[PDB]
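This is target-v6.tsv (TSV, N, CA and C atoms).
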```
chain	number	residue	atom	x	y	z
A	1	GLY	N	102.56	7.48	285.02
A	1	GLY	CA	103.54	7.30	283.92
A	1	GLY	C	102.94	7.58	282.56
A	2	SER	N	103.79	7.72	281.55
A	2	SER	CA	103.35	8.02	280.20
A	2	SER	C	103.36	6.76	279.33
A	3	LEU	N	104.56	6.31	278.95
A	3	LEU	CA	104.74	5.12	278.11
A	3	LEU	C	104.08	5.31	276.75
A	4	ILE	N	103.69	6.54	276.44
A	4	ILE	CA	102.83	6.80	275.30
A	4	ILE	C	103.64	7.06	274.02
A	5	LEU	N	104.96	7.09	274.16
A	5	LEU	CA	105.85	7.27	273.02
A	5	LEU	C	107.30	7.12	273.45
A	6	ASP	N	107.68	5.88	273.74
A	6	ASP	CA	109.02	5.56	274.24
A	6	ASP	C	110.12	6.21	273.41
A	7	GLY	N	110.68	7.28	273.94
A	7	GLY	CA	111.78	7.96	273.29
A	7	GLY	C	111.38	8.65	272.00
A	8	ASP	N	110.15	9.14	271.95
A	8	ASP	CA	109.67	9.92	270.79
A	8	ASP	C	109.83	9.15	269.48
A	9	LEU	N	108.93	8.21	269.25
A	9	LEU	CA	108.90	7.46	268.00
A	9	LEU	C	107.65	7.82	267.22
A	10	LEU	N	107.29	9.09	267.28
A	10	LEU	CA	106.04	9.56	266.69
A	10	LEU	C	106.10	9.54	265.17
A	11	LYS	N	105.51	8.52	264.59
A	11	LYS	CA	105.42	8.39	263.14
A	11	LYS	C	104.01	8.72	262.70
A	12	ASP	N	103.05	8.22	263.46
A	12	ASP	CA	101.64	8.38	263.14
A	12	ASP	C	100.92	9.01	264.32
A	13	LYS	N	100.65	10.30	264.24
A	13	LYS	CA	99.95	10.99	265.31
A	13	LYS	C	98.49	11.26	264.95
A	14	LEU	N	98.26	12.31	264.19
A	14	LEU	CA	96.92	12.73	263.84
A	14	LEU	C	96.89	13.35	262.46
A	15	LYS	N	96.01	12.83	261.61
A	15	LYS	CA	95.78	13.41	260.30
A	15	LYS	C	94.30	13.76	260.18
A	16	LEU	N	93.63	13.69	261.31
A	16	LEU	CA	92.21	13.92	261.38
A	16	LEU	C	91.90	15.16	262.21
A	17	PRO	N	90.63	15.59	262.22
A	17	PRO	CA	90.13	16.62	263.15
A	17	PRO	C	90.26	16.20	264.61
A	18	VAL	N	89.45	16.82	265.46
A	18	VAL	CA	89.41	16.49	266.88
A	18	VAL	C	89.29	14.99	267.10
A	19	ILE	N	90.23	14.46	267.86
A	19	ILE	CA	90.26	13.06	268.22
A	19	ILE	C	89.11	12.76	269.18
A	20	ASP	N	88.62	11.52	269.17
A	20	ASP	CA	87.45	11.16	269.97
A	20	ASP	C	87.73	11.42	271.44
A	21	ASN	N	86.73	11.95	272.14
A	21	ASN	CA	86.88	12.28	273.55
A	21	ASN	C	87.18	11.03	274.37
A	22	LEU	N	86.75	9.88	273.85
A	22	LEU	CA	87.04	8.59	274.46
A	22	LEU	C	88.55	8.41	274.58
A	23	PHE	N	89.27	8.74	273.51
A	23	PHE	CA	90.72	8.60	273.48
A	23	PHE	C	91.35	9.52	274.52
A	24	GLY	N	90.78	10.71	274.67
A	24	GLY	CA	91.25	11.63	275.69
A	24	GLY	C	90.92	11.13	277.08
A	25	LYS	N	89.74	10.52	277.21
A	25	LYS	CA	89.31	9.93	278.46
A	25	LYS	C	90.22	8.78	278.84
A	26	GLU	N	90.77	8.10	277.83
A	26	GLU	CA	91.74	7.05	278.03
A	26	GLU	C	93.06	7.63	278.53
A	27	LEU	N	93.52	8.69	277.87
A	27	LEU	CA	94.68	9.43	278.33
A	27	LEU	C	94.52	9.82	279.79
A	28	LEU	N	93.54	10.68	280.05
A	28	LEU	CA	93.22	11.14	281.39
A	28	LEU	C	92.99	9.98	282.37
A	29	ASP	N	92.55	8.83	281.87
A	29	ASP	CA	92.34	7.66	282.73
A	29	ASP	C	93.67	7.03	283.13
A	30	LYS	N	94.59	6.97	282.18
A	30	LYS	CA	95.90	6.39	282.41
A	30	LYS	C	96.81	7.37	283.14
A	31	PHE	N	96.68	8.64	282.82
A	31	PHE	CA	97.48	9.68	283.46
A	31	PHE	C	96.77	10.24	284.68
A	32	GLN	N	95.62	9.64	285.01
A	32	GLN	CA	94.84	10.02	286.15
A	32	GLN	C	95.68	10.04	287.41
A	33	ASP	N	96.54	9.04	287.56
A	33	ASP	CA	97.41	8.95	288.72
A	33	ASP	C	98.36	10.13	288.77
A	34	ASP	N	98.87	10.54	287.61
A	34	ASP	CA	99.75	11.70	287.54
A	34	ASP	C	98.96	12.96	287.86
A	35	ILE	N	97.87	13.15	287.14
A	35	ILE	CA	97.02	14.32	287.29
A	35	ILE	C	96.54	14.47	288.74
A	36	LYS	N	96.30	13.35	289.39
A	36	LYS	CA	95.81	13.34	290.76
A	36	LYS	C	96.97	13.53	291.73
A	37	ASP	N	98.09	12.94	291.40
A	37	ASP	CA	99.31	13.11	292.18
A	37	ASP	C	99.76	14.57	292.16
A	38	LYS	N	99.91	15.11	290.96
A	38	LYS	CA	100.40	16.47	290.77
A	38	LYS	C	99.38	17.50	291.25
A	39	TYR	N	98.17	17.43	290.72
A	39	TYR	CA	97.18	18.47	290.96
A	39	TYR	C	96.12	18.01	291.96
A	40	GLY	N	95.76	16.74	291.87
A	40	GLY	CA	94.68	16.22	292.69
A	40	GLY	C	93.34	16.36	292.00
A	41	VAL	N	93.19	15.66	290.88
A	41	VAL	CA	92.02	15.80	290.04
A	41	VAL	C	91.38	14.44	289.78
A	42	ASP	N	90.09	14.46	289.49
A	42	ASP	CA	89.39	13.27	289.03
A	42	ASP	C	89.12	13.39	287.53
A	43	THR	N	89.64	12.46	286.75
A	43	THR	CA	89.53	12.54	285.31
A	43	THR	C	88.22	11.95	284.79
A	44	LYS	N	87.50	11.28	285.67
A	44	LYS	CA	86.22	10.70	285.31
A	44	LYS	C	85.19	11.81	285.12
A	45	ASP	N	85.30	12.85	285.93
A	45	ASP	CA	84.41	14.00	285.82
A	45	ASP	C	84.76	14.87	284.62
A	46	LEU	N	86.05	14.96	284.31
A	46	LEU	CA	86.56	15.84	283.27
A	46	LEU	C	85.78	15.71	281.97
A	47	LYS	N	85.20	16.82	281.56
A	47	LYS	CA	84.38	16.90	280.37
A	47	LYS	C	85.23	17.31	279.18
A	48	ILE	N	85.54	16.35	278.32
A	48	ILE	CA	86.45	16.61	277.22
A	48	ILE	C	85.76	17.36	276.08
A	49	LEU	N	86.41	18.42	275.64
A	49	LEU	CA	85.90	19.27	274.60
A	49	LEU	C	86.57	18.92	273.27
A	50	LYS	N	87.88	18.77	273.32
A	50	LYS	CA	88.67	18.51	272.13
A	50	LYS	C	89.92	17.71	272.48
A	51	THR	N	89.95	16.47	272.05
A	51	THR	CA	91.13	15.65	272.22
A	51	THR	C	92.03	15.82	271.01
A	52	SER	N	93.26	16.26	271.24
A	52	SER	CA	94.20	16.44	270.15
A	52	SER	C	95.63	16.34	270.68
A	53	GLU	N	96.58	16.74	269.85
A	53	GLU	CA	97.98	16.79	270.24
A	53	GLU	C	98.77	17.51	269.16
A	54	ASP	N	100.03	17.83	269.44
A	54	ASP	CA	100.85	18.54	268.47
A	54	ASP	C	102.03	17.69	268.02
A	55	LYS	N	103.09	17.66	268.81
A	55	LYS	CA	104.22	16.81	268.50
A	55	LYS	C	104.57	15.91	269.68
A	56	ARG	N	105.41	16.39	270.57
A	56	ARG	CA	105.87	15.57	271.68
A	56	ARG	C	104.97	15.75	272.90
A	57	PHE	N	103.74	16.16	272.63
A	57	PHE	CA	102.78	16.48	273.69
A	57	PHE	C	101.38	16.13	273.22
A	58	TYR	N	100.55	15.66	274.14
A	58	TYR	CA	99.12	15.54	273.91
A	58	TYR	C	98.44	16.79	274.42
A	59	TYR	N	97.30	17.12	273.84
A	59	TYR	CA	96.56	18.31	274.24
A	59	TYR	C	95.06	18.02	274.28
A	60	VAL	N	94.56	17.76	275.48
A	60	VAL	CA	93.16	17.40	275.65
A	60	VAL	C	92.38	18.53	276.33
A	61	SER	N	91.69	19.33	275.52
A	61	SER	CA	90.85	20.40	276.04
A	61	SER	C	89.68	19.82	276.81
A	62	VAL	N	89.56	20.18	278.08
A	62	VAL	CA	88.49	19.69	278.92
A	62	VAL	C	87.90	20.80	279.76
A	63	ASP	N	86.63	20.66	280.10
A	63	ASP	CA	86.01	21.52	281.07
A	63	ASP	C	86.22	20.91	282.44
A	64	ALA	N	86.96	21.60	283.29
A	64	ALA	CA	87.36	21.06	284.58
A	64	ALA	C	86.22	21.10	285.59
A	65	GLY	N	85.07	21.64	285.18
A	65	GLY	CA	83.95	21.80	286.10
A	65	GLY	C	84.14	23.01	286.99
A	66	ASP	N	85.36	23.50	287.02
A	66	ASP	CA	85.74	24.65	287.84
A	66	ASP	C	85.52	25.94	287.06
A	67	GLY	N	85.08	25.80	285.81
A	67	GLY	CA	84.89	26.94	284.94
A	67	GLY	C	86.04	27.10	283.98
A	68	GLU	N	87.13	26.41	284.27
A	68	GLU	CA	88.32	26.45	283.45
A	68	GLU	C	88.28	25.35	282.39
A	69	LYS	N	88.74	25.69	281.20
A	69	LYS	CA	88.79	24.76	280.10
A	69	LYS	C	90.24	24.50	279.72
A	70	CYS	N	90.83	23.56	280.42
A	70	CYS	CA	92.25	23.30	280.31
A	70	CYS	C	92.52	22.28	279.22
A	71	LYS	N	93.59	22.48	278.50
A	71	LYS	CA	93.99	21.58	277.44
A	71	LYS	C	95.14	20.70	277.93
A	72	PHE	N	94.79	19.58	278.56
A	72	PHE	CA	95.77	18.71	279.22
A	72	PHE	C	96.97	18.42	278.33
A	73	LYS	N	98.14	18.76	278.85
A	73	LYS	CA	99.36	18.67	278.08
A	73	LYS	C	100.17	17.46	278.52
A	74	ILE	N	99.87	16.35	277.89
A	74	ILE	CA	100.54	15.11	278.20
A	74	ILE	C	101.80	15.00	277.37
A	75	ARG	N	102.90	15.51	277.91
A	75	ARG	CA	104.20	15.32	277.30
A	75	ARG	C	104.39	13.84	277.08
A	76	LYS	N	104.47	13.45	275.83
A	76	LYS	CA	104.61	12.05	275.51
A	76	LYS	C	105.90	11.51	276.12
A	77	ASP	N	106.06	10.19	276.08
A	77	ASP	CA	107.24	9.54	276.68
A	77	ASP	C	108.48	9.80	275.81
A	78	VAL	N	108.49	10.97	275.18
A	78	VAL	CA	109.51	11.36	274.22
A	78	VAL	C	110.79	11.76	274.91
A	79	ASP	N	110.71	11.82	276.22
A	79	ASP	CA	111.72	12.48	277.04
A	79	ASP	C	111.44	12.22	278.51
A	80	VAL	N	110.20	12.47	278.92
A	80	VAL	CA	109.78	12.22	280.29
A	80	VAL	C	108.83	11.02	280.33
A	81	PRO	N	108.86	10.28	281.43
A	81	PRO	CA	108.01	9.11	281.63
A	81	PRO	C	106.63	9.44	282.20
A	82	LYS	N	106.14	10.65	281.96
A	82	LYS	CA	104.87	11.07	282.54
A	82	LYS	C	104.27	12.23	281.75
A	83	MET	N	103.13	12.72	282.20
A	83	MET	CA	102.55	13.92	281.64
A	83	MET	C	103.20	15.13	282.30
A	84	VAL	N	103.61	16.09	281.50
A	84	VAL	CA	104.35	17.23	282.02
A	84	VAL	C	103.43	18.28	282.64
A	85	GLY	N	102.28	18.51	282.03
A	85	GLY	CA	101.44	19.60	282.46
A	85	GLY	C	100.06	19.57	281.86
A	86	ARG	N	99.55	20.74	281.55
A	86	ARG	CA	98.19	20.89	281.08
A	86	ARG	C	97.97	22.34	280.65
A	87	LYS	N	97.75	22.55	279.37
A	87	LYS	CA	97.67	23.89	278.82
A	87	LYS	C	96.30	24.50	279.09
A	88	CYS	N	96.13	25.02	280.29
A	88	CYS	CA	94.90	25.66	280.69
A	88	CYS	C	94.78	27.05	280.08
A	89	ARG	N	93.94	27.89	280.70
A	89	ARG	CA	93.80	29.28	280.31
A	89	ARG	C	92.98	29.38	279.03
A	90	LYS	N	91.70	29.64	279.23
A	90	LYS	CA	90.70	29.49	278.18
A	90	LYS	C	90.88	30.49	277.04
A	91	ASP	N	90.55	31.74	277.31
A	91	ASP	CA	90.46	32.75	276.26
A	91	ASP	C	91.84	33.21	275.79
A	92	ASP	N	92.66	33.65	276.72
A	92	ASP	CA	93.96	34.20	276.35
A	92	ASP	C	95.07	33.61	277.21
A	93	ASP	N	95.94	32.84	276.60
A	93	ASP	CA	97.09	32.29	277.29
A	93	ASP	C	98.36	33.02	276.88
A	94	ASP	N	99.47	32.70	277.54
A	94	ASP	CA	100.74	33.36	277.28
A	94	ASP	C	101.88	32.35	277.32
A	95	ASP	N	101.92	31.57	278.40
A	95	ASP	CA	102.86	30.46	278.52
A	95	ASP	C	102.76	29.54	277.32
A	96	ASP	N	103.89	29.23	276.71
A	96	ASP	CA	103.89	28.29	275.60
A	96	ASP	C	103.96	26.88	276.15
A	97	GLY	N	104.93	26.67	277.03
A	97	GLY	CA	105.00	25.44	277.78
A	97	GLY	C	104.12	25.54	279.00
A	98	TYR	N	104.15	24.54	279.87
A	98	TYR	CA	103.29	24.57	281.04
A	98	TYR	C	103.73	23.51	282.04
```
Could the structure of this file be written out as structure tokens, please?
Amino acid sequence: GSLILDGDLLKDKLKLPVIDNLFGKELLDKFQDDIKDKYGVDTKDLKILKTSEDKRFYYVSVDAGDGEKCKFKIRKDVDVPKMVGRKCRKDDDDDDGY
């Protein structure tokens, strides 16, 4: 589940640079069940590069250990009660959503 923004009440998101990887580790820790359910991943191994977000989504760039550096796309609870996806694709992406 998400619970990270009940019905999109985003007033205070980020006014800083890259958010602490700890915060992303917390995301991935809480959404671990989703990430593991959907994809089957361990978030404890996930090496966070850049914890951030945009609007109704979180974006946690991590090294998956697989060589891929995916930017976990945690759709906030703005609409869905879970994380929607994960913006992977290191060098050149195309999909806006995921």
Residues at most 6 Å from region 14-22 of chain A, counting only C-alpha atoms, excluding those fewer than 4 positions away in the same chain, as a compact mmCIF listing (two decimals) with N, CA and C atoms, in the frame of the given file?
```txt
# COMPACT_ATOMS: atom_id res chain seq x y z
N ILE A 48 85.54 16.35 278.32
CA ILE A 48 86.45 16.61 277.22
C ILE A 48 85.76 17.36 276.08
N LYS A 50 87.88 18.77 273.32
CA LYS A 50 88.67 18.51 272.13
C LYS A 50 89.92 17.71 272.48
N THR A 51 89.95 16.47 272.05
CA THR A 51 91.13 15.65 272.22
C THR A 51 92.03 15.82 271.01
N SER A 52 93.26 16.26 271.24
CA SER A 52 94.20 16.44 270.15
C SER A 52 95.63 16.34 270.68
```
ask   = Between A:82, A:46, A:39, A:6, which is the closest to residue 25 (chain A) once you count only N, CA and C atoms?
value = A:46
inquiry  = Can you measure CA of residue 32 (chain A) to atom N of residue 55 (chain A) for me? One decimal in Å is fine.
reply    =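 Interatomic distance here is 20.7 Å.
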inquiry  = Going by DSSP on the backbone, which residues of region 7-83 of chain A come out as strand (DSSP E)? List them as a list in words.
reply    = residues 47, 48, 49, 50, 51, 52, 53, 57, 58, 59, 60, 61, 62, 63, 69, 70, 71, 72, 73, 74 and 75 of chain A
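Between atom N of residue 97 (chain A) and atom C of residue 5 (chain A) there is a distance of 20.0 Å.
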Coordinates-based distance that separates atom C of residue 47 (chain A) from atom C of residue 64 (chain A) (Å, one decimal) =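 Atom C of residue 64 (chain A) sits 7.5 Å away from atom C of residue 47 (chain A).
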request  = Would you list, as a PyMOL selection string, the residues of region 15-69 of chain A that end up in alpha helix (DSSP H) under DSSP run on this structure's backbone?
outcome  = chain A and resi 21-30+32-38
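The shortest atom-to-atom distance to residue 54 (chain A), with only C-alpha atoms taken into account, belongs to A:12 out of A:34, A:12, A:29, A:92.
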task = Could you check which of A:53, A:31, A:81, A:96 is closest to residue 13 (chain A), using only N, CA and C atoms?
result =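 Checking each of A:53, A:31, A:81, A:96 against residue 13 (chain A), counting only N, CA and C atoms, the winner is A:53.
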query = Which residue gives the smallest distance to residue 30 (chain A) among A:84, A:49, A:62, A:3, with only C-alpha atoms counted?
reply =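 Looking only at the distances to residue 30 (chain A), the closest residue turns out to be A:3.
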Show which residues sit within 6 Å of residue 87 (chain A), as a compact mmCIF listing (two decimals) with N, CA and C atoms, in the frame of the given file. Count all atoms listed in the file, and ignore same-chain residues fewer than 2 positions away.
```
# COMPACT_ATOMS: atom_id res chain seq x y z
N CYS A 70 90.83 23.56 280.42
CA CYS A 70 92.25 23.30 280.31
C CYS A 70 92.52 22.28 279.22
N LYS A 71 93.59 22.48 278.50
CA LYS A 71 93.99 21.58 277.44
C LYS A 71 95.14 20.70 277.93
N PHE A 72 94.79 19.58 278.56
CA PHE A 72 95.77 18.71 279.22
C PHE A 72 96.97 18.42 278.33
N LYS A 73 98.14 18.76 278.85
CA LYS A 73 99.36 18.67 278.08
C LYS A 73 100.17 17.46 278.52
N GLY A 85 102.28 18.51 282.03
CA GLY A 85 101.44 19.60 282.46
C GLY A 85 100.06 19.57 281.86
N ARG A 89 93.94 27.89 280.70
CA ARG A 89 93.80 29.28 280.31
C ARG A 89 92.98 29.38 279.03
```
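Nearest to residue 7 (chain A) of all the residues A:35, A:78, A:41, A:28 is A:78, based on only C-alpha atoms.
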For residue 4 (chain A), the nearest of the candidates A:65, A:44, A:38, A:79, counting only C-alpha atoms =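 For residue 4 (chain A), the nearest of the given residues is A:79.
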